[PDB]
file data_25.pdb (PDB, N, CA, C and O atoms)
MODEL        1
ATOM      1  N   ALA A   1       0.842  -1.225   0.000  1.00  0.00           N
ATOM      2  CA  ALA A   1       0.000   0.000   0.000  1.00  0.00           C
ATOM      3  C   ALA A   1       0.863   1.257   0.000  1.00  0.00           C
ATOM      4  O   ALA A   1       0.504   2.269   0.601  1.00  0.00           O
ATOM      5  N   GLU A   2       2.004   1.186  -0.679  1.00  0.00           N
ATOM      6  CA  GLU A   2       2.919   2.318  -0.758  1.00  0.00           C
ATOM      7  C   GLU A   2       2.324   3.440  -1.603  1.00  0.00           C
ATOM      8  O   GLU A   2       1.493   3.197  -2.478  1.00  0.00           O
ATOM      9  N   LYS A   3       2.754   4.668  -1.334  1.00  0.00           N
ATOM     10  CA  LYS A   3       2.265   5.828  -2.070  1.00  0.00           C
ATOM     11  C   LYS A   3       2.733   5.790  -3.522  1.00  0.00           C
ATOM     12  O   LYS A   3       3.441   4.869  -3.931  1.00  0.00           O
ATOM     13  N   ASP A   4       2.335   6.795  -4.294  1.00  0.00           N
ATOM     14  CA  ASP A   4       2.715   6.876  -5.699  1.00  0.00           C
ATOM     15  C   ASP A   4       4.231   6.945  -5.850  1.00  0.00           C
ATOM     16  O   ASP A   4       4.822   6.200  -6.632  1.00  0.00           O
ATOM     17  N   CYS A   5       4.856   7.844  -5.095  1.00  0.00           N
ATOM     18  CA  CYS A   5       6.304   8.010  -5.145  1.00  0.00           C
ATOM     19  C   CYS A   5       7.010   6.826  -4.495  1.00  0.00           C
ATOM     20  O   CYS A   5       6.403   6.068  -3.738  1.00  0.00           O
ATOM     21  N   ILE A   6       8.295   6.670  -4.796  1.00  0.00           N
ATOM     22  CA  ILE A   6       9.084   5.578  -4.243  1.00  0.00           C
ATOM     23  C   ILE A   6       9.598   5.919  -2.849  1.00  0.00           C
ATOM     24  O   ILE A   6      10.198   6.974  -2.640  1.00  0.00           O
ATOM     25  N   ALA A   7       9.361   5.021  -1.899  1.00  0.00           N
ATOM     26  CA  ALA A   7       9.803   5.229  -0.526  1.00  0.00           C
ATOM     27  C   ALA A   7      11.323   5.128  -0.421  1.00  0.00           C
ATOM     28  O   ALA A   7      11.981   4.594  -1.313  1.00  0.00           O
ATOM     29  N   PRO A   8      11.904   5.641   0.679  1.00  0.00           N
ATOM     30  CA  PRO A   8      13.354   5.602   0.895  1.00  0.00           C
ATOM     31  C   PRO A   8      13.891   4.177   0.935  1.00  0.00           C
ATOM     32  O   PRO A   8      13.351   3.318   1.631  1.00  0.00           O
ATOM     33  N   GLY A   9      14.956   3.931   0.179  1.00  0.00           N
ATOM     34  CA  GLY A   9      15.546   2.606   0.140  1.00  0.00           C
ATOM     35  C   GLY A   9      14.636   1.584  -0.514  1.00  0.00           C
ATOM     36  O   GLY A   9      14.831   0.379  -0.354  1.00  0.00           O
ATOM     37  N   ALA A  10      13.641   2.064  -1.255  1.00  0.00           N
ATOM     38  CA  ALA A  10      12.701   1.180  -1.935  1.00  0.00           C
ATOM     39  C   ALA A  10      13.091   0.990  -3.398  1.00  0.00           C
ATOM     40  O   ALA A  10      13.594   1.912  -4.040  1.00  0.00           O
ATOM     41  N   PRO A  11      12.861  -0.213  -3.950  1.00  0.00           N
ATOM     42  CA  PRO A  11      13.191  -0.514  -5.345  1.00  0.00           C
ATOM     43  C   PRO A  11      12.447   0.391  -6.319  1.00  0.00           C
ATOM     44  O   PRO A  11      11.356   0.058  -6.783  1.00  0.00           O
ATOM     45  N   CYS A  12      13.046   1.536  -6.629  1.00  0.00           N
ATOM     46  CA  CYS A  12      12.449   2.488  -7.547  1.00  0.00           C
ATOM     47  C   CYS A  12      12.524   1.962  -8.973  1.00  0.00           C
ATOM     48  O   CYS A  12      11.619   2.178  -9.779  1.00  0.00           O
ATOM     49  N   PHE A  13      13.614   1.266  -9.272  1.00  0.00           N
ATOM     50  CA  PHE A  13      13.818   0.701 -10.602  1.00  0.00           C
ATOM     51  C   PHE A  13      12.679  -0.245 -10.972  1.00  0.00           C
ATOM     52  O   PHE A  13      12.564  -1.339 -10.419  1.00  0.00           O
ATOM     53  N   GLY A  14      11.842   0.183 -11.912  1.00  0.00           N
ATOM     54  CA  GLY A  14      10.725  -0.640 -12.339  1.00  0.00           C
ATOM     55  C   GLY A  14       9.525   0.176 -12.774  1.00  0.00           C
ATOM     56  O   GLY A  14       8.647  -0.325 -13.477  1.00  0.00           O
ATOM     57  N   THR A  15       9.483   1.437 -12.358  1.00  0.00           N
ATOM     58  CA  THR A  15       8.377   2.322 -12.711  1.00  0.00           C
ATOM     59  C   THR A  15       8.884   3.616 -13.345  1.00  0.00           C
ATOM     60  O   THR A  15       8.160   4.610 -13.407  1.00  0.00           O
ATOM     61  N   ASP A  16      10.131   3.601 -13.813  1.00  0.00           N
ATOM     62  CA  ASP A  16      10.737   4.774 -14.446  1.00  0.00           C
ATOM     63  C   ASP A  16      10.434   6.059 -13.672  1.00  0.00           C
ATOM     64  O   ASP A  16      10.425   7.148 -14.245  1.00  0.00           O
ATOM     65  N   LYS A  17      10.185   5.927 -12.373  1.00  0.00           N
ATOM     66  CA  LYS A  17       9.882   7.080 -11.532  1.00  0.00           C
ATOM     67  C   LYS A  17      10.891   7.201 -10.392  1.00  0.00           C
ATOM     68  O   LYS A  17      11.277   6.201  -9.787  1.00  0.00           O
ATOM     69  N   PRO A  18      11.337   8.432 -10.082  1.00  0.00           N
ATOM     70  CA  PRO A  18      12.305   8.673  -9.010  1.00  0.00           C
ATOM     71  C   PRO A  18      11.671   8.612  -7.626  1.00  0.00           C
ATOM     72  O   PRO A  18      10.488   8.299  -7.486  1.00  0.00           O
ATOM     73  N   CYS A  19      12.466   8.914  -6.606  1.00  0.00           N
ATOM     74  CA  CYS A  19      11.985   8.897  -5.230  1.00  0.00           C
ATOM     75  C   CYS A  19      11.019  10.049  -4.975  1.00  0.00           C
ATOM     76  O   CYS A  19      10.855  10.933  -5.816  1.00  0.00           O
ATOM     77  N   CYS A  20      10.382  10.034  -3.808  1.00  0.00           N
ATOM     78  CA  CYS A  20       9.432  11.078  -3.439  1.00  0.00           C
ATOM     79  C   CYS A  20      10.118  12.437  -3.334  1.00  0.00           C
ATOM     80  O   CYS A  20       9.481  13.477  -3.496  1.00  0.00           O
ATOM     81  N   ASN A  21      11.419  12.424  -3.061  1.00  0.00           N
ATOM     82  CA  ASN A  21      12.188  13.651  -2.934  1.00  0.00           C
ATOM     83  C   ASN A  21      12.346  14.331  -4.295  1.00  0.00           C
ATOM     84  O   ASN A  21      12.603  13.666  -5.300  1.00  0.00           O
ATOM     85  N   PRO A  22      12.193  15.668  -4.351  1.00  0.00           N
ATOM     86  CA  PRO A  22      12.314  16.424  -5.605  1.00  0.00           C
ATOM     87  C   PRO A  22      13.742  16.486  -6.140  1.00  0.00           C
ATOM     88  O   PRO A  22      14.003  17.129  -7.157  1.00  0.00           O
ATOM     89  N   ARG A  23      14.659  15.812  -5.462  1.00  0.00           N
ATOM     90  CA  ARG A  23      16.054  15.788  -5.883  1.00  0.00           C
ATOM     91  C   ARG A  23      16.640  14.380  -5.781  1.00  0.00           C
ATOM     92  O   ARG A  23      17.852  14.197  -5.894  1.00  0.00           O
ATOM     93  N   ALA A  24      15.776  13.386  -5.571  1.00  0.00           N
ATOM     94  CA  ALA A  24      16.221  12.002  -5.462  1.00  0.00           C
ATOM     95  C   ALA A  24      16.033  11.262  -6.782  1.00  0.00           C
ATOM     96  O   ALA A  24      14.910  11.103  -7.259  1.00  0.00           O
ATOM     97  N   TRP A  25      17.138  10.810  -7.367  1.00  0.00           N
ATOM     98  CA  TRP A  25      17.089  10.086  -8.629  1.00  0.00           C
ATOM     99  C   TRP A  25      17.067   8.584  -8.381  1.00  0.00           C
ATOM    100  O   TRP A  25      17.410   8.124  -7.294  1.00  0.00           O
ATOM    101  N   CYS A  26      16.663   7.825  -9.392  1.00  0.00           N
ATOM    102  CA  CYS A  26      16.596   6.379  -9.280  1.00  0.00           C
ATOM    103  C   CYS A  26      17.997   5.774  -9.219  1.00  0.00           C
ATOM    104  O   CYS A  26      18.926   6.276  -9.851  1.00  0.00           O
ATOM    105  N   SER A  27      18.143   4.697  -8.453  1.00  0.00           N
ATOM    106  CA  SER A  27      19.433   4.031  -8.314  1.00  0.00           C
ATOM    107  C   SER A  27      19.356   2.587  -8.801  1.00  0.00           C
ATOM    108  O   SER A  27      19.297   1.652  -8.001  1.00  0.00           O
ATOM    109  N   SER A  28      19.361   2.415 -10.119  1.00  0.00           N
ATOM    110  CA  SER A  28      19.295   1.087 -10.715  1.00  0.00           C
ATOM    111  C   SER A  28      20.543   0.281 -10.389  1.00  0.00           C
ATOM    112  O   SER A  28      20.539  -0.947 -10.472  1.00  0.00           O
ATOM    113  N   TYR A  29      21.598   0.975  -9.982  1.00  0.00           N
ATOM    114  CA  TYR A  29      22.841   0.341  -9.607  1.00  0.00           C
ATOM    115  C   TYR A  29      22.559  -0.792  -8.648  1.00  0.00           C
ATOM    116  O   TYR A  29      23.135  -1.877  -8.732  1.00  0.00           O
ATOM    117  N   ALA A  30      21.650  -0.505  -7.736  1.00  0.00           N
ATOM    118  CA  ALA A  30      21.238  -1.469  -6.724  1.00  0.00           C
ATOM    119  C   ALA A  30      19.720  -1.518  -6.601  1.00  0.00           C
ATOM    120  O   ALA A  30      19.185  -1.875  -5.551  1.00  0.00           O
ATOM    121  N   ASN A  31      19.027  -1.156  -7.681  1.00  0.00           N
ATOM    122  CA  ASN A  31      17.566  -1.157  -7.693  1.00  0.00           C
ATOM    123  C   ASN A  31      17.006  -0.507  -6.429  1.00  0.00           C
ATOM    124  O   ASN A  31      16.647  -1.195  -5.474  1.00  0.00           O
ATOM    125  N   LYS A  32      16.935   0.822  -6.429  1.00  0.00           N
ATOM    126  CA  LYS A  32      16.420   1.557  -5.277  1.00  0.00           C
ATOM    127  C   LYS A  32      16.475   3.061  -5.520  1.00  0.00           C
ATOM    128  O   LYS A  32      17.285   3.541  -6.311  1.00  0.00           O
ATOM    129  N   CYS A  33      15.608   3.801  -4.837  1.00  0.00           N
ATOM    130  CA  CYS A  33      15.560   5.247  -4.981  1.00  0.00           C
ATOM    131  C   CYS A  33      16.801   5.895  -4.365  1.00  0.00           C
ATOM    132  O   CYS A  33      17.125   5.661  -3.201  1.00  0.00           O
ATOM    133  N   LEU A  34      17.494   6.703  -5.159  1.00  0.00           N
ATOM    134  CA  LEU A  34      18.697   7.381  -4.703  1.00  0.00           C
ATOM    135  C   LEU A  34      18.359   8.753  -4.122  1.00  0.00           C
ATOM    136  O   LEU A  34      17.639   9.520  -4.797  1.00  0.00           O
TER
ENDMDL
END

call {"tool": "encode", "arguments": {"input": "data_25.pdb", "output": "structure tokens"}}
result
Amino acid sequence: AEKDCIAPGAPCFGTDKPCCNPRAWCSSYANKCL
């Protein structure tokens, strides 16, 4: 039941969407929001 944005340390890689932070980029390096 996670929100639209990617939670901290959450696998962001998969929805082409960054973290909830307006300056957090995706971290496919380790599949997670950077």

call {"tool": "resolve_selection", "arguments": {"input": "data_25.pdb", "expression": "the PyMOL selection byres (((chain A and resi 20 and name CA) around 7) and name CA)", "output": "PyMOL selection string"}}
result
chain A and resi 5-7+18-19+21-22

call {"tool": "residues_around", "arguments": {"input": "data_25.pdb", "residues": "residue 26 in chain A", "least_positions_apart": "2", "cutoff": "9 Å", "atoms": "only C-alpha atoms", "output": "NGL selection string"}}
result
:A and (11-13 or 16-19 or 24 or 28-29 or 31-34)

call {"tool": "atom_distance", "arguments": {"input": "data_25.pdb", "atom1": "atom O of residue 3 in chain A", "atom2": "atom N of residue 23 in chain A"}}
result
15.7 Å

call {"tool": "select_by_dssp", "arguments": {"input": "data_25.pdb", "residues": "chain A", "states": "strand (DSSP E or B)", "output": "list in words"}}
result
residues 6, 19, 26, 27, 32 and 33 of chain A

call {"tool": "write_last_selection", "arguments": {"input": "data_25.pdb", "atoms": "N, CA, C and O atoms", "output": "PDB file, in the coordinates of the input"}}
result
ATOM      1  N   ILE A   6       8.295   6.670  -4.796  1.00  0.00           N
ATOM      2  CA  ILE A   6       9.084   5.578  -4.243  1.00  0.00           C
ATOM      3  C   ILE A   6       9.598   5.919  -2.849  1.00  0.00           C
ATOM      4  O   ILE A   6      10.198   6.974  -2.640  1.00  0.00           O
ATOM      5  N   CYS A  19      12.466   8.914  -6.606  1.00  0.00           N
ATOM      6  CA  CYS A  19      11.985   8.897  -5.230  1.00  0.00           C
ATOM      7  C   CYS A  19      11.019  10.049  -4.975  1.00  0.00           C
ATOM      8  O   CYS A  19      10.855  10.933  -5.816  1.00  0.00           O
ATOM      9  N   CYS A  26      16.663   7.825  -9.392  1.00  0.00           N
ATOM     10  CA  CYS A  26      16.596   6.379  -9.280  1.00  0.00           C
ATOM     11  C   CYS A  26      17.997   5.774  -9.219  1.00  0.00           C
ATOM     12  O   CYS A  26      18.926   6.276  -9.851  1.00  0.00           O
ATOM     13  N   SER A  27      18.143   4.697  -8.453  1.00  0.00           N
ATOM     14  CA  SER A  27      19.433   4.031  -8.314  1.00  0.00           C
ATOM     15  C   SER A  27      19.356   2.587  -8.801  1.00  0.00           C
ATOM     16  O   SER A  27      19.297   1.652  -8.001  1.00  0.00           O
ATOM     17  N   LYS A  32      16.935   0.822  -6.429  1.00  0.00           N
ATOM     18  CA  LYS A  32      16.420   1.557  -5.277  1.00  0.00           C
ATOM     19  C   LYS A  32      16.475   3.061  -5.520  1.00  0.00           C
ATOM     20  O   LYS A  32      17.285   3.541  -6.311  1.00  0.00           O
ATOM     21  N   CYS A  33      15.608   3.801  -4.837  1.00  0.00           N
ATOM     22  CA  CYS A  33      15.560   5.247  -4.981  1.00  0.00           C
ATOM     23  C   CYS A  33      16.801   5.895  -4.365  1.00  0.00           C
ATOM     24  O   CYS A  33      17.125   5.661  -3.201  1.00  0.00           O
TER      25      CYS A  33
END

call {"tool": "atom_distance", "arguments": {"input": "data_25.pdb", "atom1": "atom O of residue 25 in chain A", "atom2": "atom O of residue 10 in chain A"}}
result
8.0 Å

call {"tool": "atom_distance", "arguments": {"input": "data_25.pdb", "atom1": "atom O of residue 2 in chain A", "atom2": "atom O of residue 14 in chain A"}}
result
13.6 Å

call {"tool": "decode", "arguments": {"input": "data_25.pdb", "residues": "chain A", "atoms": "N, CA and C atoms", "output": "tab-separated table (two decimals), in the first residue's frame"}}
result
chain	number	residue	atom	x	y	z
A	1	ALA	N	0.84	-1.23	0.00
A	1	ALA	CA	0.00	0.00	0.00
A	1	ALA	C	0.86	1.26	0.00
A	2	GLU	N	2.00	1.19	-0.68
A	2	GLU	CA	2.92	2.32	-0.76
A	2	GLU	C	2.32	3.44	-1.60
A	3	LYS	N	2.75	4.67	-1.33
A	3	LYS	CA	2.26	5.83	-2.07
A	3	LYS	C	2.73	5.79	-3.52
A	4	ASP	N	2.34	6.80	-4.29
A	4	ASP	CA	2.72	6.88	-5.70
A	4	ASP	C	4.23	6.95	-5.85
A	5	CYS	N	4.86	7.84	-5.10
A	5	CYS	CA	6.30	8.01	-5.14
A	5	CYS	C	7.01	6.83	-4.49
A	6	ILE	N	8.29	6.67	-4.80
A	6	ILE	CA	9.08	5.58	-4.24
A	6	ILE	C	9.60	5.92	-2.85
A	7	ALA	N	9.36	5.02	-1.90
A	7	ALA	CA	9.80	5.23	-0.53
A	7	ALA	C	11.32	5.13	-0.42
A	8	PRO	N	11.90	5.64	0.68
A	8	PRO	CA	13.35	5.60	0.89
A	8	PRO	C	13.89	4.18	0.93
A	9	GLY	N	14.96	3.93	0.18
A	9	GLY	CA	15.55	2.61	0.14
A	9	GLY	C	14.64	1.58	-0.51
A	10	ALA	N	13.64	2.06	-1.25
A	10	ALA	CA	12.70	1.18	-1.93
A	10	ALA	C	13.09	0.99	-3.40
A	11	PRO	N	12.86	-0.21	-3.95
A	11	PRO	CA	13.19	-0.51	-5.35
A	11	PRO	C	12.45	0.39	-6.32
A	12	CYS	N	13.05	1.54	-6.63
A	12	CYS	CA	12.45	2.49	-7.55
A	12	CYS	C	12.52	1.96	-8.97
A	13	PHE	N	13.61	1.27	-9.27
A	13	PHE	CA	13.82	0.70	-10.60
A	13	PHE	C	12.68	-0.24	-10.97
A	14	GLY	N	11.84	0.18	-11.91
A	14	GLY	CA	10.72	-0.64	-12.34
A	14	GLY	C	9.52	0.18	-12.77
A	15	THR	N	9.48	1.44	-12.36
A	15	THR	CA	8.38	2.32	-12.71
A	15	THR	C	8.88	3.62	-13.34
A	16	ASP	N	10.13	3.60	-13.81
A	16	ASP	CA	10.74	4.77	-14.45
A	16	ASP	C	10.43	6.06	-13.67
A	17	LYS	N	10.18	5.93	-12.37
A	17	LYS	CA	9.88	7.08	-11.53
A	17	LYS	C	10.89	7.20	-10.39
A	18	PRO	N	11.34	8.43	-10.08
A	18	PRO	CA	12.31	8.67	-9.01
A	18	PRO	C	11.67	8.61	-7.63
A	19	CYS	N	12.47	8.91	-6.61
A	19	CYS	CA	11.98	8.90	-5.23
A	19	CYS	C	11.02	10.05	-4.97
A	20	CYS	N	10.38	10.03	-3.81
A	20	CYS	CA	9.43	11.08	-3.44
A	20	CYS	C	10.12	12.44	-3.33
A	21	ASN	N	11.42	12.42	-3.06
A	21	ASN	CA	12.19	13.65	-2.93
A	21	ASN	C	12.35	14.33	-4.30
A	22	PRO	N	12.19	15.67	-4.35
A	22	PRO	CA	12.31	16.42	-5.60
A	22	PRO	C	13.74	16.49	-6.14
A	23	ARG	N	14.66	15.81	-5.46
A	23	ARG	CA	16.05	15.79	-5.88
A	23	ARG	C	16.64	14.38	-5.78
A	24	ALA	N	15.78	13.39	-5.57
A	24	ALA	CA	16.22	12.00	-5.46
A	24	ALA	C	16.03	11.26	-6.78
A	25	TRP	N	17.14	10.81	-7.37
A	25	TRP	CA	17.09	10.09	-8.63
A	25	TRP	C	17.07	8.58	-8.38
A	26	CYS	N	16.66	7.82	-9.39
A	26	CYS	CA	16.60	6.38	-9.28
A	26	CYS	C	18.00	5.77	-9.22
A	27	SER	N	18.14	4.70	-8.45
A	27	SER	CA	19.43	4.03	-8.31
A	27	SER	C	19.36	2.59	-8.80
A	28	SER	N	19.36	2.41	-10.12
A	28	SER	CA	19.30	1.09	-10.71
A	28	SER	C	20.54	0.28	-10.39
A	29	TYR	N	21.60	0.98	-9.98
A	29	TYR	CA	22.84	0.34	-9.61
A	29	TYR	C	22.56	-0.79	-8.65
A	30	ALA	N	21.65	-0.51	-7.74
A	30	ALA	CA	21.24	-1.47	-6.72
A	30	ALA	C	19.72	-1.52	-6.60
A	31	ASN	N	19.03	-1.16	-7.68
A	31	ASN	CA	17.57	-1.16	-7.69
A	31	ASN	C	17.01	-0.51	-6.43
A	32	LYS	N	16.93	0.82	-6.43
A	32	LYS	CA	16.42	1.56	-5.28
A	32	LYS	C	16.47	3.06	-5.52
A	33	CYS	N	15.61	3.80	-4.84
A	33	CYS	CA	15.56	5.25	-4.98
A	33	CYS	C	16.80	5.89	-4.36
A	34	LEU	N	17.49	6.70	-5.16
A	34	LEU	CA	18.70	7.38	-4.70
A	34	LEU	C	18.36	8.75	-4.12
